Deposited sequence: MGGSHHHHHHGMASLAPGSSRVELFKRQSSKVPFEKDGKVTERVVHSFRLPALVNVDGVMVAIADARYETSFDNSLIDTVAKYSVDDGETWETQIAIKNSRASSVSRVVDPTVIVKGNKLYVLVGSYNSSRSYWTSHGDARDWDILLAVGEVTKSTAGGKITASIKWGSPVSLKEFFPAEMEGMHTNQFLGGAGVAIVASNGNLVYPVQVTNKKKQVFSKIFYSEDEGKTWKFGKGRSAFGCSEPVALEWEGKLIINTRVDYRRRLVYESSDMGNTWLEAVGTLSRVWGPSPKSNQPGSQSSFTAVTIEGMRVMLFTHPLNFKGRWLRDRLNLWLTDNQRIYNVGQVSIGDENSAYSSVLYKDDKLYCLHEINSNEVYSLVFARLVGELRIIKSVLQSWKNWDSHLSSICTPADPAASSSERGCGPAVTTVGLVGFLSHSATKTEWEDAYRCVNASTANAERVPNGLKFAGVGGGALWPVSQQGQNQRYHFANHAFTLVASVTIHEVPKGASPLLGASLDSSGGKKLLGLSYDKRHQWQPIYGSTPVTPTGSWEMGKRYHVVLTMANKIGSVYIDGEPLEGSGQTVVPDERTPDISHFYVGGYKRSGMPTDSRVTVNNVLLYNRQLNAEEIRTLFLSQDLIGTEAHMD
């Protein structure tokens, strides 16, 4: 269904180049840095127009295209022009906010420097400009048209302090793409800033007065975070950052960037910049939108299988801040496709992104028909499994409802010869020696069990939250007394399962063996063969607990990770290690595995234990 047109056409599309009072249509080398938004039904595409070469330090104006026929035709204009002082004069990384009929565009402007802004030792070639574009629509003679009056840029330099906590400032740019209007009316731009030590960091730069004046939040990301892109979610700014050669860092701020906290329990470090997460990162589109009644976030980044800056394979992601789903590749085949901008308008999905051959960049305008289709299906799957659980009439008359808050994965009835199927469709677990049973799998034999990947997910690690906090729940039944300690459930630190963050085993004397990190295991309680047991493992604040049938076990509530270090879980193991190299034999049935991104409370745990017979997806198929 999806279709595209080369909309900003390299070495071809012309723009009105204005110098010293004179305007001429001028062909442009390369187009980059797409920003695609909506203003009262008017579609607006803003970007770099790189006249002579794709090189960063060269002649660049900020181009605008606009369409009132959902992008079948466009008008073309230059939104902002550089100073024309020299052949490297340039306005850069145009960052857009829409509020009412106004386009607020923020750009760096450089007169003559022949080096990348980040390499600079002073602020002698730099200024930070804001220009406002006023969109007007007309209905003359029954023809819907639009026009945009671009005001003169204004310097916001007076608003950049010489100092921030522990440093002296140098320069700052917007993070590019599209920024936002906060619910309180504030213009909010995430910004990339340099200090005299040449560190790059990201901040929140905001206006409470329609851009008259600006202020910076006192807080900041870690050093090395550039081109931040932001959105607002349940009252907080979520600042999504690029870190060259490292996983992307994601932050949350509830007070206009005054205080920043890494989004460890949701989105930070999920997205790698390449298969080995050892290459340059990218600009990313990141918006919060509503689709079929559901508030969600869309996020794009290229997979960069090729490496360096080529950045092939622009991929789109969908999240409700709990589950994270891979929509798929937006770009075509293995073309280089780095920067992008996703717009949801009148229930249609679009993307303006780069394609680059031989360092010559064009921007394509794609109708993401196939992608939105996949999105709605996944979203209806989410709403409906949350509804299922939610509608359950818990035992003690109706009890407290089963929590879906923070629930990320659900392994139940649906299964396959070699995979166990996630109800929320994001991450399946692989299985071995498993026979299907109502709402679960029956496992047996050395090498049996199911593995639910964490770090093993690869480049994009959606369960990364597990290192900071989680609750893994399951119903289990043991079918033979073991010859020795054998596994049922757990979070493994290494490939085997031999090193465990937190886990439950069972032994030859019919006692439970909970494993807390590397602490010596002390057996406890009692279990009978053939009895269905409820198991819950929680982990939070470096403390681990293990519950059976709703009550904690012996020693529950122990430290499982040293103060200093952050864990790096490899996978969860269910009903065995799923490893041929591991000598144990778990003859067990696991049903309804649940995974939450927080430690459930007493009550939630009791509820789940009481409703084990009801959550299973067998009929609700």
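Peer 1: Tell me which segments of the deposited chain sequence are not represented by C-alpha atoms in this structure.
Peer 2: No C-alpha coordinates exist for 1-17, 414-422, 648.
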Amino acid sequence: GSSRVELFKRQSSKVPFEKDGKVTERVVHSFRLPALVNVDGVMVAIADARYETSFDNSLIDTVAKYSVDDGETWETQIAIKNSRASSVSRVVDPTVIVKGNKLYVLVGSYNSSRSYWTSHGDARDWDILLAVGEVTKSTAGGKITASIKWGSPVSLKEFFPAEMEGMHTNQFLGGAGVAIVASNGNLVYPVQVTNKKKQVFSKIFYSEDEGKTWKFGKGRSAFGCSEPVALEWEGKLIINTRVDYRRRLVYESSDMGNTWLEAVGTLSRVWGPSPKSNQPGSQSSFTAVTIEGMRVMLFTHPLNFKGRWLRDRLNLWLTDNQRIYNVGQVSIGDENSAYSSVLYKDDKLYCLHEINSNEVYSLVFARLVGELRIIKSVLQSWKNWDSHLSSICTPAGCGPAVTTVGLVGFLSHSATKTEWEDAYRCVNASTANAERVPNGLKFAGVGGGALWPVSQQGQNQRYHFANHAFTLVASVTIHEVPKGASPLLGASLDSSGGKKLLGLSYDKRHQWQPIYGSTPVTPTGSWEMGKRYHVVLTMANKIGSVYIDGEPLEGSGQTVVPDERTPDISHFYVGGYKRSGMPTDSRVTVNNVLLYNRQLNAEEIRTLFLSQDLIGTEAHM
From here on, numbers count along this sequence of modelled residues.
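Peer 1: Could you settle it for me: does 574-582 or 39-47 have the higher average Cα B factor in the PDB entry?
Peer 2: Comparing averages over the C-alpha atoms only gives 574-582.
Peer 1: Taking only the CA atoms, which stretch has the higher mean B-factor in the record, 235-243 or 445-453?
Peer 2: Averaging CA B-factors over each stretch, the winner is 445-453.
Peer 1: Going by the entry, which of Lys508, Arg462, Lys218, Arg248 has the most elevated CA B factor?
Peer 2: The record points to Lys508.
Peer 1: Identify, among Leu595, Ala64, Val68, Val561, the residue whose C-alpha carries the highest B-factor in the deposited PDB entry.
Peer 2: Comparing C-alpha B-factors across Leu595, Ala64, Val68, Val561, the top value belongs to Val561.
Peer 1: How does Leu610 rank on Cα B-factor within its chain, lowest, middle or highest third?
Peer 2: Its C-alpha B-factor, which the entry lists for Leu610, ranks in the highest third among residues of this chain.
Peer 1: Going by the recorded CA B-factors, say which third of the chain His534 sits in, lowest, middle or highest.
Peer 2: Its C-alpha B-factor belongs to the highest third of this chain's values.
Peer 1: Ordered by C-alpha B-factor within the chain, which third holds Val369? Give me lowest, middle or highest, please.
Peer 2: Answer is middle: the recorded C-alpha B-factor places it there.
Peer 1: Rank-wise, by C-alpha B-factor, drop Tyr339 into the lowest, middle or highest third of its chain.
Peer 2: Lowest third of the chain for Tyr339's C-alpha B-factor.
Peer 1: Report the third (lowest, middle or highest) to which the CA temperature factor of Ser83 belongs, ranking only the modelled residues of the same chain.
Peer 2: Middle third.
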